[PDB]
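Working notes for the structure below.
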Amino acid sequence: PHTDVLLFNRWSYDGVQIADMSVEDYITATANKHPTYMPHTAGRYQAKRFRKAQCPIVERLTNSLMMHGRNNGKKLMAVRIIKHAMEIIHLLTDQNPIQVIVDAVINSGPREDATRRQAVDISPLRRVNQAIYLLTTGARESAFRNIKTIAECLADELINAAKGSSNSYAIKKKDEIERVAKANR
Amino acid sequence: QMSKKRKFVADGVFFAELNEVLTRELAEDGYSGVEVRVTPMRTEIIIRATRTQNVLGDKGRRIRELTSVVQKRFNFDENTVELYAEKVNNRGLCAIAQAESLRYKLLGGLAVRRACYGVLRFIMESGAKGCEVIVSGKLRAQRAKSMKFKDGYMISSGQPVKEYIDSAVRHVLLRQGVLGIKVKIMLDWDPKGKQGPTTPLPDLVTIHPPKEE
Amino acid sequence: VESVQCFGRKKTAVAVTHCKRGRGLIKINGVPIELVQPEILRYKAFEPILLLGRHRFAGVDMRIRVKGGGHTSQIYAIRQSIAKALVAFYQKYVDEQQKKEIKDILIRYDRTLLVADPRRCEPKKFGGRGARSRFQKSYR
Amino acid sequence: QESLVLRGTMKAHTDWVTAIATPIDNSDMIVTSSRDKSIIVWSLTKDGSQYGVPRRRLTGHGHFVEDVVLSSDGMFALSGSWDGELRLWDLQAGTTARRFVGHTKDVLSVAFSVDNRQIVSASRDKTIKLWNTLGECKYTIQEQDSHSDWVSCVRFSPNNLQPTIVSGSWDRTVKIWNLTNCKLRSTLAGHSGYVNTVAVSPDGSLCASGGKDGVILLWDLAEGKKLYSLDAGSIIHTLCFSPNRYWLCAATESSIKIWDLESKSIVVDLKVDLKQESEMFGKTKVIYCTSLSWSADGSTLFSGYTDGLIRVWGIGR
Amino acid sequence: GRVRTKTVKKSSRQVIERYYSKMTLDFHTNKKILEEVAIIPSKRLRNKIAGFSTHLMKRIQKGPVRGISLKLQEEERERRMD
Amino acid sequence: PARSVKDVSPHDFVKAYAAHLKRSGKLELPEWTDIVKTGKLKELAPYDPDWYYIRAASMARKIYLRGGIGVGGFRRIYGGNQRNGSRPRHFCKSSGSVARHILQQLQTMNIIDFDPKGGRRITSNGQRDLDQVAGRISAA
Amino acid sequence: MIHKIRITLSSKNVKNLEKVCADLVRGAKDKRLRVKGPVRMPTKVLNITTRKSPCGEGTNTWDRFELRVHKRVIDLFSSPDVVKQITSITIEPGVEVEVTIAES
RNA sequence: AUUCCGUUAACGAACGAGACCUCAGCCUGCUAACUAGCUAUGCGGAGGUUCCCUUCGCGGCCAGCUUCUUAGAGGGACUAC
Ligand SMILES: *[C@@H]1O[C@H](CO)[C@@H](O)[C@H](O)[C@H]1O
Ligand SMILES: [K+]
Ligand SMILES: [K+]
Ligand SMILES: [Mg+2]
Ligand SMILES: [Mg+2]
Ligand SMILES: [Mg+2]
Ligand SMILES: [Mg+2]
């Protein structure tokens, strides 16, 4: 389908596809599923279970940038960081930054884990939650005590994760999580 | 001229202090309360007491002494404040009067068990929904304990307590220490608003009987 | 005098839009809405215009006054007052079916464009510094 | 013995359709009230997807709008509400022109005089009040002989020489008042349950009362005598005489039943069938008609339902 | 949870016992009836009684209920058996 | 269109009007311009060599938008958070000498005058001067 | 001849305050005087928060005490003598009436 | 929730719980405001093209009004559907 809503009035939702059956219904980044002009909605997504799966994936990334304590609640800065990162992603990859973000989320979500310890499967929602957490944790760690800016670190983390390369912090952690899970089968 | 905030606080402090002064001056005259009715050109103070003949004195001598000392103490213009004694219509529904009634029985020497049941029985005869008398202190032994005399209905929690419960606390200075008197009287719904609160209990639902016409 | 005055609310922010028959002016406290601050929240204030299109506003003049709240909540109150003012104007002075059409568009995008958010600050309780947060407990 | 068929439906309201008012000029406009606290002025486009569309929506009332009547000119509407207020609506300007205060509880029925010079209203406060449309005077009809429960309907008799008010009530009595002296004339007592609707024949020689018992009692207004009784079999919500065909329609919870008065036989029973409406012109199990109103020419019947849908029934096959 | 207490349930049954003819299946009409036929101190309590009585009226429509004694309904049953 | 102060970005206007005041040569900078800070809340003196003209342009724009502001009001407007070492931050006022001197200069330029109710008020000449500068700013 | 007289009412009891305000407005409407009001000023909430314990032992619990002051302002356009007649009626306890000639 | 439905050698009650009271959330409906405002209008300043447009200031107990503010009275939810 087609929509006139463009993210930041810059990026088109047309052509964005989620090529993964498991997490397709838990990533909101397509034209048919409530496209948004900005990743800043004063939404009420914690009122009920599974309700935050409707929150746009770009805004879920923005929320996870408001860490640690020194950055709590500074959402205007977080929206700017993602706005700059998507501009950087377009330059380096020559691709739709929204498409790259969904590819990074799909690739960085672990599909198995250990609990109690024995191997268990991970629900598609927690898989998306873990992917978002891993991507922003890697960008935050590489930016700390570094000349490189947070937007550049986030863009590189997403570009590598979307590519599946091990250079990504989130890809390495996903492999470590799934490596321990297999050891406890 | 003082601001509204301080004036209302100052009026509340005058009522609290006046009640304390009368609570001690008229302790053995059944003092049960006071109403301060400030009006233009005159402030009227109405003293409620079970035994008004002892508050007025011989030919109103004492009520004039109270008026004079009150006017001087509280910086009132002379002949601009009046004191009027009044009688409690239903002495058995006033906890402050029953607490002071129990106080003088204990001071006189009457046994605690007998005195507390006399008050408890009198209050229920006067048309109360319930009553509770608590006496605490060195009753006979060196170690202190509490005796609770309860009868009828009583409530403890919620807004209705403010309207339906009439409570008082008094100290009895006996020879071995201090006894604590607590009288707690639950009133009955009085639509006229005299014997008790006019508003009913929140959980009381009344169905009108249907008519056959 | 075909004018309406609709408000929007977000926390303690209140924006009232005075929408009258005009030529398309949109100003907040005398300033054109294209200069809304902060600049990154400018998209949120423009959503009603972007969703419906400027041609829907070509026949009205909107003058907005906003008070209270903060930088973010004032944008949401303004954003809500504009949407309500246009809906109230079409119902009263244009048509019921045109009001039906634009209201469906606004609702399908975001329900807070027309329905206020009831959330408010929870009061602080003693024994802690927040509404929920408690003072740190030590045993030894 | 013509029957009626479903011409179409109108779907603006979002709650019970409490009342319907048709113009005396047989225009393409009707005004309906609803529990959504709004009054809608309609434009009747017979041809098209929908029989009519909402032209205006007036929302001044603070509670349910229970009744609505149009003036003879057709440019003003009068409505009652559970907030205890009457509002006169300037339909052209879509605004409130006059507010009549004084009823202390819900207003359940209003009616215009034949001249539109006087207004009468019924309320749950057990009283009937008479107003002046353009004046400020008010005359409450309170007497020793008056309704002892909710007055659920008041109607003006269409007889100018002998003005008369007929008021139903939940006390199971249908009183008849003489407007000349504002004094009770007769009291009718034949209902086992509460009466929630009364009707007066266009000629003014008949009445029709229904309610809880599900029995329609036709009285003689002149003499206050029970001529006969029809049996609806279900709670009756509103009654209306046909303007031209000498019928009597009753909105029952089971269906809408029309009785030929000369024959006292049901002409037709109109039952809601969402299957038909889904395919013909295309929530709650219990849907029943709450309001009825005939067109000025009598060609179409308008029915308001608890689901907020207005169904138009036209004479035909 | 939304369990009605004895105050709500007891009052609702009493209302339906002696005003069954007046009561209807509509909550909004039933709560105006409770104002007429009862003294309910608070609006919130009145709404709960009206809502539960409306629930009980629907129960009676389908069949008989335990704690409600409807004399006219009882007379109908007696005629049926006899 | 015809742009006035409210129609242009405040950042762009202050830069343009500051370059206008310096270019006129009517403001007489005090001796201590290069030495002072703009309040005890500051750590260092201003970085911009032309900070005095920038501040004067900013104060003129605020008197244009609202009359009656005095020196004390401007101390609050340019105040902010003061850091107190290991203690929490609190609001601090800015310099009164900087505010007072700038107001007394703009008044000799006849951009502002004494408001009868107190404070300073924009004059007719002041309104023209500010509005003309805003009109010459390029659309951006 | 006709002057704008301001009457100010203050009380802790809302019902008594509203009762006296109605008695004055209705008492002036009988004389067909022009009446402006009653105007209800924002409620003043005096607040004292204090430690419940008379000592310092135990969990630190607090009592929030509030004393609300309600204020009404009524403007009557008439002569002082007429206003003195209306306000002379007995006033409910705790309601403080204050009559002043508005400085306009 | 010892909240209820029922079971039932118990029946019928009393407390606590709930109800309740305060604050907050909805009302373009009611009451009505020179110690709260808005809209319009008049006059004046500035900008743009004399009207006109944009913006700001001031005035009017006889511009009007109560959306915004205030605070009284009510309504609103009952899990109703
Ligand atoms: C003593 O009696 C008075 C009688 O007015 C009553 O108001 C008090 O509450 C009671 O203690
Ligand atoms: K500052
Ligand atoms: K002008
Ligand atoms: Mg209790
Ligand atoms: Mg409780
Ligand atoms: Mg208002
Ligand atoms: Mg309320």
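Labels below follow one simple rule: chain letters A, B, ... track the order of the sequence lines, proteins then strands, and each chain is numbered from 1. Values below: every heavy atom of this structure, side chains too, minus hydrogens, waters and symmetry copies.
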Between C/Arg9 and C/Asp117, is there a side-chain N and carboxylate O pair less than 4.0 Å apart?
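No.
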
If you measure from the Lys or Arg side-chain nitrogens to the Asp or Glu carboxylate oxygens, is any gap between A/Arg10 and A/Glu87 under 4.0 Å?
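Salt bridge between A/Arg10 and A/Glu87, a charged N being under 4.0 Å from a carboxylate O: no.
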
May I have the list of side-chain donor-acceptor pairs in residues 51-66 of chain A shorter than 3.5 Å, sequence neighbours left out?
{"residue": "A/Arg51", "atom": "NE", "partner": "A/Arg44", "partner atom": "O", "Å": "3.4"}
{"residue": "A/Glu59", "atom": "OE1", "partner": "A/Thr41", "partner atom": "OG1", "Å": "3.1"}
{"residue": "A/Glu59", "atom": "OE2", "partner": "A/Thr41", "partner atom": "N", "Å": "3.0"}
{"residue": "A/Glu59", "atom": "OE2", "partner": "A/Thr41", "partner atom": "OG1", "Å": "3.3"}
{"residue": "A/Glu59", "atom": "OE2", "partner": "A/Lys75", "partner atom": "NZ", "Å": "3.0"}
{"residue": "A/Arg60", "atom": "NH1", "partner": "A/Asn129", "partner atom": "OD1", "Å": "3.0"}
{"residue": "A/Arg60", "atom": "NH2", "partner": "A/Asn129", "partner atom": "OD1", "Å": "3.0"}
{"residue": "A/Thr62", "atom": "OG1", "partner": "A/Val58", "partner atom": "O", "Å": "2.8"}
{"residue": "A/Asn63", "atom": "OD1", "partner": "A/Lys75", "partner atom": "NZ", "Å": "2.9"}
{"residue": "A/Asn63", "atom": "ND2", "partner": "A/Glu59", "partner atom": "O", "Å": "3.2"}
{"residue": "A/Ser64", "atom": "OG", "partner": "A/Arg60", "partner atom": "O", "Å": "3.3"}
{"residue": "A/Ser64", "atom": "OG", "partner": "A/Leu61", "partner atom": "O", "Å": "2.8"}

Check whether C/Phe7 forms a cation-pi arrangement with C/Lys84 (NZ or CZ under 6.0 Å from the six-membered ring centre, at most 45° off the ring normal).
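C/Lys84 over C/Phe7 ring: yes.
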
Taking the six-membered ring of D/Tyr305, is the NZ or CZ of D/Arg311 close enough (under 6.0 Å from the centre) and on axis enough (within 45°)?
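Geometry flag: set, cation within 6.0 Å and 45°.
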
Consider only side-chain N and O atoms of A/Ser22 and A/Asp20, and report whether a donor and an acceptor are under 3.5 Å apart.
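Absent: no donor and acceptor within the cut-off.
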
Looking only at side chains, do A/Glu157 and A/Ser168 share a donor and an acceptor under 3.5 Å apart?
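A donor-acceptor contact under 3.5 Å links the two side chains.
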
Result block: side-chain N/O donor-acceptor pairs under 3.5 angstrom for residues 177-185 of chain A, not counting sequence neighbours:
{"residue": "A/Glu178", "atom": "OE2", "partner": "A/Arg111", "partner atom": "N", "Å": "2.8"}
{"residue": "A/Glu178", "atom": "OE2", "partner": "A/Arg111", "partner atom": "NH1", "Å": "3.4"}
{"residue": "A/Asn184", "atom": "ND2", "partner": "A/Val180", "partner atom": "O", "Å": "2.7"}

Do the side chains of A/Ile101 and A/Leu158 get nearer than 4.5 Å, heavy atoms only?
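In contact.
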
Which donor-acceptor pairs under 3.5 Å do the side chains of residues 99-107 of chain C make with protein atoms, sequence neighbours left out?
{"residue": "C/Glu101", "atom": "OE2", "partner": "C/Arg56", "partner atom": "NH2", "Å": "3.2"}

Do A/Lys148 and A/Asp156 pass the salt bridge (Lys or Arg N to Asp or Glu O under 4.0 Å) test, and can you show the C-alpha distance, the side-chain angles, and the key distance before you say yes or no?
CA-CA 11 Å; A/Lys148 196 175 179 185; A/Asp156 277 329; 2.5 Å; yes

Smallest separation among heavy atoms of A/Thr36 and A/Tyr13, with atom names:
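Minimum heavy-atom separation between A/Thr36 and A/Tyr13: O-OH, 2.5 Å.
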
